[PDB]
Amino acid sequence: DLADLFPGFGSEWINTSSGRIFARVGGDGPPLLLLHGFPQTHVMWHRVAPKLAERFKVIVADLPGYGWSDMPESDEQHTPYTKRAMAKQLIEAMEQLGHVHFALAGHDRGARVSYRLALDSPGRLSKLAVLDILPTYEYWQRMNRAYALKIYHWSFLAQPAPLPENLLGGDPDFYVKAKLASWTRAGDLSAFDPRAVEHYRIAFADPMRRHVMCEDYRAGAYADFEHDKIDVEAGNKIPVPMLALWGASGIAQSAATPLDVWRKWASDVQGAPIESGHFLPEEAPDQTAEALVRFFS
């Protein structure tokens, strides 16, 4: 029932100290790690990874706790699902492949892992691409009526268990599809490959998977914010050359482009809007792929 959307990619279960990371691996050349976000899995890269795999060893991983990666036991502080912890786990996973210095592109939650990784261990990264995020700190700092309605799920999923878990169980299929549709330029699922939607839907149908996503968001409200706040206050910038791509209808320039935001977080950032909703690699795969290839090569 689950299509293989990365023909010619191998499938690796990468052991780490916190559990297995699942990854599709293809290509040859410099290693490039691609991290999806919510509510998706690695298959969201299915339209762009083949193009990346022309020039790179492309590692398309499920985030810890997402997709087919193992789900580490969480704790009161949601530690394993803090971006610091997920970055540490993915660094460990890349080390199991002998990749200690790699390029990194993350979308959504994966991009939050990615810039936290860049902040915590910039020596691991040759280049960083983040797709359609601002740092978690920025979202919370920007919090106002408009953002609270737009990213209500940041506060909804951060509610204490089991409130979101129980509500999500009310109609998980609807919810994951609603999230997918509502953040696209189209407003429907037509930008997505149906077989990828089935990947997302099946992952979301697992209550334990949904709980992990809530743990991720709870981290996003608490530890991840605090971690970012320390960096803002210390003036710590990302020293890795980075590319920030955003959907022109994701979250753009009401009073500051993402580029102006990322410049405060990174010393070397280039940016471009992509004609897309949130799901750049699926809504605008050619435009995301060429931007990524141009940047990483």
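We number the residues from 1 along the sequence you see.
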Per the PDB entry, mean CA B-factor is higher for 239-247 or 58-66, namely for 239-247
Higher of the two mean Cα B-factors (139-147, 158-166; per PDB record) comes from 139-147
In this crystal structure's PDB entry, the residue among 119, 191, 223, 129 with the greatest CA B factor is 191
Max C-alpha B-factor within the set 134, 125, 181, 214 falls on 181
Sorting the chain's modelled residues by C-alpha B-factor and splitting them into thirds places residue 72 in the highest
Of the three thirds of the chain ranked by Cα temperature factor, residue 37 occupies the lowest
Quick tally, chain-level thirds of C-alpha B-factors: residue 230 sits in the middle
Chain thirds by Cα B factor, record data; residue 111 belongs to the lowest
Chain-relative C-alpha B factor for residue 27 (record values, thirds): the lowest
